[PDB]
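Participant: Protein chains in written order, with the deposited numbering: chain C, 51 to 100; chain G, 86 to 240; chain F, 490 to 540, 544 to 987, 993 to 1074.
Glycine residues also receive a C-beta, built at the ideal position from the N, C-alpha and C atoms.
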Amino acid sequence: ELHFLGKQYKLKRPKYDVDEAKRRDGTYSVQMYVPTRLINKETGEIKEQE
Amino acid sequence: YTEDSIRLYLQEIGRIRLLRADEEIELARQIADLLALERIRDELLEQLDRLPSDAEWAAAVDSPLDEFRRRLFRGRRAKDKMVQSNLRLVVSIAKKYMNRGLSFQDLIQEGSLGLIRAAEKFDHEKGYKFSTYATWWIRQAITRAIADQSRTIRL
Amino acid sequence: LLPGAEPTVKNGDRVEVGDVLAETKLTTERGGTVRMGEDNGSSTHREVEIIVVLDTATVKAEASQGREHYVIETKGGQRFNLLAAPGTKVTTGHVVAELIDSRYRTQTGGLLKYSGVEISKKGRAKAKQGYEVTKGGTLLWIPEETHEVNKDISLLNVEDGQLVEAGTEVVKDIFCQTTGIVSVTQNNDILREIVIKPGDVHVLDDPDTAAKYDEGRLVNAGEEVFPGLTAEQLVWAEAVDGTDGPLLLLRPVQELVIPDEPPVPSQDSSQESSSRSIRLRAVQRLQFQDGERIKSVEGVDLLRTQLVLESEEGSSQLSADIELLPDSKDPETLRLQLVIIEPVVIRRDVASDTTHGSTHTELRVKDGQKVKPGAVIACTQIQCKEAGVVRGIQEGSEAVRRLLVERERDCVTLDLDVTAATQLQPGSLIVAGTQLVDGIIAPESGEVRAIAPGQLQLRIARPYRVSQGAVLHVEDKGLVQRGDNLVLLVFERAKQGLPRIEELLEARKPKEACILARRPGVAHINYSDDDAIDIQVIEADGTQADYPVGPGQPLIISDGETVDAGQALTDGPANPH
């Protein structure tokens, strides 16, 4: 079972810049990271990660 | 009187009951008999440089033309039923690639060729379920079909 | 007035501000115990619940593999597992808890025999739920290990009747788990069923002893199975055909004794005010019938002891929520409880122009109180915003939906001479601007309330003219508020671009096609009783045509009495086709 603890999604600071994105012809964006937990229904090993 | 074509094919499929393992073993024996008989005929074709007549083929098996022809028929029907009752498996595997370049109906018809080959190479003596051997051939046929028919400039 | 609201006053009752006009009474349908919801930031309970209770156990919530399972420890030390989670509603008959038992759990499959044990014969569909025991007794368990496969013959490794040890690969990729004799079933070169049965084997020398054990038999402890052979404990002796011929097999029979009544203490309901008591009945179920030949490689559970929700007859349709009550003496100790909660919803007080009065709901009971069915739970009273007189409440067979309060500012006094105004009566309808007396003209319209010496009381009023044929949306002495549609007036009236040109050029049939004649004649309008206006024309010989005008929209324009073929009769565009 995969659980997406979506209330804790963090956001990575934008790379480049607004002006750098404009002058480079790129995109102004951030990266989204959500913590998740894979739960084995039997063994019960939970490998928490982002 | 529906206009959908896939649903009509699914209904036509559902009019056929799934085989049981003993039924698979029984059909596998008749399929092997048909294969051996076909190999022999192929030998007659090499010897005659022409299609052997049923009488010459029956003569090659030291079999009365009636007995031989009925055996041939039984084998044909056995292979037909083995493929027919597993088309549901073909659809079940083919539904897992419906967004790769081939339409769903194309995936089904290309996996049918793999099912036919699997039914031609299934060994009852191995002691395994036909649904395990057939999956490999169905998957291979569908993957090859995608590799050879999904793009206009084929890679 | 809200649905079900009943006015508390009669017509003419002079009320004051805040006094009760109408009330809505909420009553308990079936009675029980009052349960007040906690004041969750509200001093008004928006819902009150109706409640029997059972507590005399202990319950602990333990977490195993991330699952919160509830263990019910009885005062006798027995343990139950709670199969039903908190917040779940279950009807009568549903299993709530399962006895945590291992004695009646077999190691492998086998055969089952009854000894005095009796069960209820109600329902085959409950077979999956087991068989309720009506009398305890003894279960005889004859072990065996059955591998059911549908594989070909040439995969076989072991002979029919070979005495084997456990672990031998009897069939390719199949491993025996019991040390015994293997009996093999095949159908047309296809392996179907393999049987391994434990127990001592012995040579069969005398055919008569084998004939005695032809069908298999039970033999008790110490009883001599055959001369020189005494069974040390109860065993099942059957004759089997091994590799060399007859042999006697002594399979070890197990005995499981079940008491007549499940000795698990029931917990008693504590409230008498519930005329339909609810309780937990403990039942014993055997999952298999007598002589049921069971084929299973792994062990099975034979007997299950289950707590089951039971209620008095007539309450079968009731569904009980399942809750945990923290004990008053020890809050830590929780106790399982079943409630037949009945809800009563309290609406919040609204005083802002919904009823245009303040609706205030007061409870008639207290938390924990015992109420009989039908007892009044809450009274919502509507309080009048302005004093005056109550009217408009008609009597008989209909729910009072609206009332009227005539206030102090809906009456005006005017200084008029009584002596000559004698032509007027209290309750007359005075149109404003009408000369009431010589030199005296009505300033404002209204209803004549009273005629005092030198003074006149007018209740403000306003007319609306209505002509013949209008549609009335209202009734005499009704009640209407601002904006309500009074009446639909029906009257008459009388008096082109690209669509017309496109319709003409495309030779389309105009919707409102004028009626066209087909022969010269005279034009009898023929105003019938039902206004069946039909244009009957008399031919040159005297043949009628009977053109029906139809609805009112095709207005007639034809009265020439000189019509000719093709001549139009009504308003609108002619159809050229």
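#1: Counting C-beta neighbours from all protein chains within 10 Å, is the total for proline 635 of chain F 16 or more, i.e. buried, or is it exposed?
#2: If you follow the alpha helix (DSSP H) that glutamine 132 of chain G is in, where does it begin and where does it stop?
#3: Relative to the C-alpha of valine 80 of chain C, which candidate in C:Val68, C:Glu98, C:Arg73, C:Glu51 has its C-alpha closest?
#4: Assign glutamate 657 of chain F to one of two classes, buried (16 or more other C-beta atoms within 10 Å of its C-beta) or exposed (fewer than that).
#5: Assign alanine 1020 of chain F to one of two classes, buried (16 or more other C-beta atoms within 10 Å of its C-beta) or exposed (fewer than that).
#6: Quick one: grab the DSSP three-state call for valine 775 of chain F.
#7: With C-beta atoms as the reference, is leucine 950 of chain F less than 8 Å away from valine 963 of chain F?
#8: Just confirm the distance between the C-beta atoms of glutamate 854 of chain F and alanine 870 of chain F, as a whole number of angstroms; I'd bet it's less than 8 Å.
#9: Name the chain F residues whose beta carbon is nearer than 7 Å to that of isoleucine 110 of chain G?
#10: Looking at chain F, is there any beta carbon in it that lies within less than 8 Å of the beta carbon of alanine 106 of chain G?
#11: Check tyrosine 83 of chain C in the structure and name its three-state DSSP category.
#12: Once the 5 residues before and after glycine 56 of chain C are set aside, which same chain residues still bring their CB inside 8 Å of it?
#13: Expressed to the nearest angstrom, what Euclidean distance is found between the alpha-carbon atoms of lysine 821 of chain F and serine 803 of chain F?
#14: Can you name the residues of chain F whose CB is closer than 7 Å to the CB of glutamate 210 of chain G?
#15: Take the Cβ of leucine 52 of chain C as the centre, count every other Cβ of all protein chains shown within 10 Å, and call the residue buried at 16 or more, exposed below.
#16: May I ask you to list the residues that DSSP assigns as paired with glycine 602 of chain F?
#17: I want to see whether chain G comes within less than 8 Å of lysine 664 of chain F, judged by CB atoms only; does it?
#18: Under three-state DSSP, which class holds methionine 167 of chain G?
#19: Going along the chain, which residues of its own chain have a beta-carbon closer than 6 Å to the beta-carbon of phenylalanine 215 of chain G, five neighbours each way excluded?
#20: Please report how far the alpha carbon of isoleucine 1035 of chain F lies from the alpha carbon of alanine 1062 of chain F, in whole angstroms.
#21: Straight-line CA distance for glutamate 152 of chain G to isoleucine 125 of chain G?
#22: Throw me the rounded Cβ distance for the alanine 204 of chain G and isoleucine 223 of chain G pair, which I believe falls under 8 Å.
#23: Going by the DSSP bridge assignment, what does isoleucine 1030 of chain F pair with across the sheet?
#24: Taking 8 Å as the threshold (C-beta atoms), are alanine 924 of chain F and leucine 1013 of chain F in contact?
#25: Roughly how many angstroms lie between the CA atoms of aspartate 760 of chain F and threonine 600 of chain F, to the nearest whole one?
#26: By a C-beta neighbour count over all protein chains shown, 10 Å radius and 16 as the cutoff for buried, is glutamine 776 of chain F buried or exposed?
#27: Less than 8 Å between the beta carbons of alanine 163 of chain G and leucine 119 of chain G, yes or no?
#28: Quick one: what's got a C-beta closer than 8 Å to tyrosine 956 of chain F's C-beta in the same chain, skipping five residues either side?
#29: What distance in whole Å lies between the Cβ atoms of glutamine 763 of chain F and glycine 94 of chain C, which are believed to be in contact at a cut-off of 8 Å?
Facilitator: The relevant details are as follows:
#1: Buried, because 16 or more other Cβ atoms sit within 10 Å of the Cβ of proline 635 of chain F.
#2: Taken as a continuous stretch (DSSP letters only), the alpha helix (DSSP H) holding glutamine 132 of chain G covers 106 to 133.
#3: Of the listed residues, the one whose Cα sits closest to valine 80 of chain C is C:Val68.
#4: Exposed.
#5: Taking all protein chains in view, the Cβ of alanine 1020 of chain F is crowded by 16 or more other Cβ atoms within 10 Å, so the residue is classified as buried.
#6: Note: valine 775 of chain F maps to strand in three-state DSSP.
#7: Against a cut-off of 8 Å, the Cβ pair of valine 963 of chain F and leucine 950 of chain F comes out as no contact.
#8: About 7 Å; that satisfies the 8 Å criterion.
#9: Going along chain F in sequence order, the residues near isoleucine 110 of chain G (Cβ under 7 Å) are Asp644, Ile682.
#10: By this cut-off, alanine 106 of chain G is an interface position.
#11: Assigned with DSSP and collapsed to three states, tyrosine 83 of chain C falls in strand.
#12: Contacts found: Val84.
#13: Taking the straight line from one Cα to the other gives about 28 Å.
#14: Those within 7 Å of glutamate 210 of chain G in chain F are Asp644, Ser646.
#15: The C-beta of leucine 52 of chain C has fewer than 16 other C-beta atoms within 10 Å across all chains shown, which makes the residue exposed.
#16: According to DSSP, residue pairing for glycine 602 of chain F in a beta bridge involves F:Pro635, F:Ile786.
#17: Yes, its Cβ sits closer than 8 Å to a Cβ of chain G.
#18: Looking at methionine 167 of chain G - three-state DSSP - the assignment turns out to be helix.
#19: Result list for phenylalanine 215 of chain G: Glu109, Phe207, in chain order.
#20: Their backbone Cα atoms lie some 12 Å apart in a straight line.
#21: Approximately 16 Å between the Cα atoms of the pair.
#22: Distance from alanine 204 of chain G to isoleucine 223 of chain G at the Cβ level is roughly 11 Å; contact not present, criterion being Cβ atoms closer than 8 Å.
#23: Residue pairing for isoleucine 1030 of chain F: DSSP places it in no beta bridge.
#24: No, Cβ-Cβ distance for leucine 1013 of chain F and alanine 924 of chain F is not below 8 Å.
#25: About 39 Å.
#26: Its Cβ being crowded by 16 or more others within 10 Å, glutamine 776 of chain F is buried.
#27: Less than 8 Å divides the Cβ of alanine 163 of chain G from the Cβ of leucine 119 of chain G.
#28: Around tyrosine 956 of chain F: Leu978, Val979.
#29: The Cβ separation is near 43 Å, so there is no contact.
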